[PDB]
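sequence, then the experimental structure. Questions to follow.
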Amino acid sequence: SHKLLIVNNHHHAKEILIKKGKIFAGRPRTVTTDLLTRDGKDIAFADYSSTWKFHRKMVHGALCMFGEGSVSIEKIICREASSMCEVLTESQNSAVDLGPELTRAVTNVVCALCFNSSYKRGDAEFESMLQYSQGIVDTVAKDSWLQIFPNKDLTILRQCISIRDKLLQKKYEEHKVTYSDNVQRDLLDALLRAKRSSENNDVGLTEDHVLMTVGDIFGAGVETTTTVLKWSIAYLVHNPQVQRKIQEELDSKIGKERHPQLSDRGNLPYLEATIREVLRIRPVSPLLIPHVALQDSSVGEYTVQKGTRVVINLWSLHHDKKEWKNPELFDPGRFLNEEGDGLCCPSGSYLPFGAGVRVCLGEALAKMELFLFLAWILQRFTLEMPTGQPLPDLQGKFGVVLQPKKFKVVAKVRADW
Ligand code: HEM
Ligand SMILES: C[C@]12CC[C@H](O)CC1=CC[C@@H]1[C@@H]2CC[C@]2(C)C(c3cccnc3)=CC[C@@H]12
């Protein structure tokens, strides 16, 4: 038996996430989340703590400084987009599912970021990892509620968890044998280094904490960013006028003798607006992760007892007709100033990455990927539907992230390229 509070109001939501971030920083325990995270030794389901804080810090620095030398995540993202556009080119004018090829690209980013590797098309590990994440995402479809069906199976959930565990366990053991105090190749070395240094001396740096942390970054990095691109492909296809505004922005502000760079960000607010609006309209986590009162508090008038679960309904925040004119329409211009000069936050109701204390750890990285990937593609391609075939159903099932139904697009090369 457990008590629960669903928040449809943004003022309240910011009283939880921010004003009283720490009081509502607890996470909930479920048989499934416990398998996933080893009883909460990861970050995303780890109660607020010096460990939680510390690992969250490791990941921010690892990302800052991966590295190396002079070589940033930017290079790797650009590399992965270049390969995408080469795929789109041979796979060209034909109808084609961008799903799997997009997923690998996003994966090589975070695979680089965590383990200093990449996957090749067809790779057997990568394949295995698509598969097992399938089962995992599918069976964390549980309020961790329209229950009732004989369940479950968490015989298969466990099956996947282990395949994952062996994947990580191999990368862990590999990194050790080649580990060098001078260099730090990735988030794993970063933590291995941390771990050794704890031997020289109550922040938890056991093997489980290391593995679970990297697991979180390897996991989110693929399932979240990838989904958002799939939504952008959908919405782009539905709105040729948005595609075209984006393209003519790229044409004037980057040109044609050159590819987009991250330095270009602040010269392309229409694209940034477009990204924001995808994140508004099909928010990738529509419930965020739940929050748990670590002590009795209040949420303006509502009192709230220690232990109660707390679920922001970001969907309903992002679609209140009171906060958003004509929600349910895709309009990047929500997020642009009166002229188009630059950006403009049209409401306090927008918290796609969350806010305050448990805010998305990958926010920074998600935004870089999303920008480069979409910019690189739209500069060279224009995305239509096949020959004579209805626009994509935008309905979308909710696993651990809210993701769309698959479809086939036609990337036509642009008259210049
Ligand atoms: C691409 C779009 C993404 C969105 C919209 C998003 C959104 C969010 C949201 C809503 C939360 C929960 C906020 C809360 O519970 O208060 C969160 C947590 C988290 N996100 Fe993301 N995220 C995204 C991508 C990523 C990526 C790419 C990573 C890669 C490392 C990542 C790592 C995390 C982690 C570790 C947490 C847990 C933070 C904590 O509970 O302490 N996210 N994100
Ligand atoms: C289950 C899954 C995705 C399937 C992988 O096989 C394992 C995995 C690890 C961490 C989870 C992730 C889904 C997204 C999660 C739940 C989350 C997240 C969710 C949405 C936005 N940002 C972060 C942070 C931890 C992430």
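Received it, and whenever you're ready, just let me know what you need. Numbering: from 1, shown residues only. Ligands and ions are numbered 1, 2, ... in the order given.

would you mind listing what in the stretch 201-350 of the chain touches ligand 2?
Contacts of the stretch 201-350 of the chain with ligand 2, taken as Cβ under 6 Å from any ligand atom, map to 215, 216, 219, 220, 223, 224, 284, 285. Using the backbone N, CA and C atoms, a C-beta is placed for each residue, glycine as well.

residues touching the fifth one, list them.
Taking Cβ atoms under 8 Å, 6 or more residues apart in numbering as the definition of contact, the neighbours of residue 223 are 133, 137, 400, 401.

how many residues are close by residue 35?
Residue 35 has 19 neighbours, counted by other Cβ atoms under 10 Å.

my bad, residue 385
By other Cβ under 10 Å, the residues close to residue 385 number 16.

wait, it sits on residue 411?
No: when contacts are counted by Cβ atoms under 8 Å, residue 385 is not listed as touching residue 411 (11.2 Å).

before we move on, the earlier item: can you say which two of the residues of the stretch 201-350 of the chain next to ligand 2 are spatially most distant?
For those, with distances taken as Cβ to Cβ, the pair at the greatest spread is 215 and 284 (18.9 Å).

tell me the contacts of the nearest residue to residue 267 once chain neighbours are set aside?
Among residues not flanking residue 267 along the chain, residue 253 sits closest, at 4.8 Å (Cβ to Cβ, 6 or more residues apart in numbering). For residue 253, the contacting residues are 264, 267, 268, by Cβ under 8 Å, 6+ apart.

quick one: residue 63 from ligand 2, how far?
Distance, residue 63 to ligand 2, using Cβ to the nearest ligand atom, to the nearest Å: 14 Å.

does that residue belong to a helix or a strand, and which?
Taking DSSP states H and E as the definition, residue 63 sits inside helix 50-65.

over to residue 228?
Judged by DSSP H and E, residue 228 forms part of helix 207-238.

now that helix: how far from the chain's centre is it?
4 Å (Cα atoms, centre = their mean, to the nearest Å).

indicate the residue of the chain located nearest to ligand 2.
Using Cβ to the nearest ligand atom, the single residue of the chain nearest to ligand 2 is residue 219, 2.3 Å away.

for that residue, which non-adjacent residue is spatially closest?
Nearest to residue 219 is residue 133, by Cβ to Cβ, 6+ apart, at 7.5 Å.

just give me the neighbour total for the one you found.
So residue 133, with other Cβ under 10 Å, has 20 neighbours.

A strand includes it, no?
No: assigned with DSSP: H, G, I helix; E, B strand; the rest coil, residue 133 falls outside any strand and is helix.

so it makes contact with residue 222?
Yes: counting by Cβ under 8 Å, residue 133 touches residue 222, with 7.3 Å between them.

the helices in the stretch 301-417 of the chain, which residues?
314-317, 363-380 (DSSP state H, counting those that start in this stretch).

what about the shortest one and ligand 1, any contact?
Looking back up the chat, that one is helix 314-317. No: between helix 314-317 and ligand 1, judged by Cβ under 6 Å from any ligand atom, nothing touches; the nearest distance is 6.8 Å.

any residue of whatever helix or strand comes next after the helix holding residue 63 touching ligand 1?
Next in sequence after helix 50-65, counting helices and strands by DSSP H and E, comes helix 73-90. No: judged by Cβ under 6 Å from any ligand atom, helix 73-90 makes no contact with ligand 1; its nearest approach is 11.7 Å.

would you mark the buried spots in helix 73-90?
The neighbour-count check on helix 73-90 (16 or more other Cβ atoms under 10 Å) flags 73, 76, 77, 78, 80, 81, 83, 84, 85, 87, 88 as buried.

name the nearest residue to the third one, sequence neighbours excluded.
The spatial neighbour of residue 77 that comes closest, neighbours along the chain excluded (Cβ to Cβ, 6+ apart), is residue 372 at 4.8 Å.

do the same with the second one
Distance criterion Cβ to Cβ, 6+ apart; nearest residue to residue 76, sequence neighbours excluded, is residue 112 at 4.8 Å.

endpoints of stretch 142-154, how far apart?
One end of stretch 142-154 sits 11 Å from the other (Cα to Cα, to the nearest Å).

do it and ligand 1 meet at all?
No: figure legend: stretch 142-154 not in contact with ligand 1 (Cβ under 6 Å from any ligand atom); closest approach 13.6 Å.

in that stretch, what's buried?
Going by neighbour count (16+ other Cβ under 10 Å), the buried part of stretch 142-154 is 142, 144.

is ligand 2 within reach of it?
No: Stretch 142-154 is not in contact with ligand 2 by Cβ under 6 Å from any ligand atom; minimum separation 10.0 Å.

ok, residue 137 touching residue 397?
No: assessed by Cβ under 8 Å, residue 137 is found out of contact with residue 397, at 10.0 Å.

out of the two, which sits in the busier spot?
residue 137 (16 against 11).

please identify the helix or strand for that one.
Take DSSP H and E as the rule and residue 137 turns out to sit in helix 124-139.

now the angle between helix 207-238 and that helix, please.
Helix 124-139 and helix 207-238 meet at an angle of 80 degrees, taking axes from the mean of the first three to the mean of the last three Cα atoms, to 10 degrees as the criterion.

in terms of secondary structure, what does the helix or strand following helix 124-139 contact?
Reading on from helix 124-139 to the C-terminus, the next helix or strand found by DSSP H and E is helix 154-178. Helices and strands touching helix 154-178, by 3 or more Cβ pairs under 8 Å, 6 or more residues apart in numbering; DSSP states H and E, are helix 31-37, helix 99-115, helix 124-139, helix 187-200, helix 207-238.

done for today, thanks.
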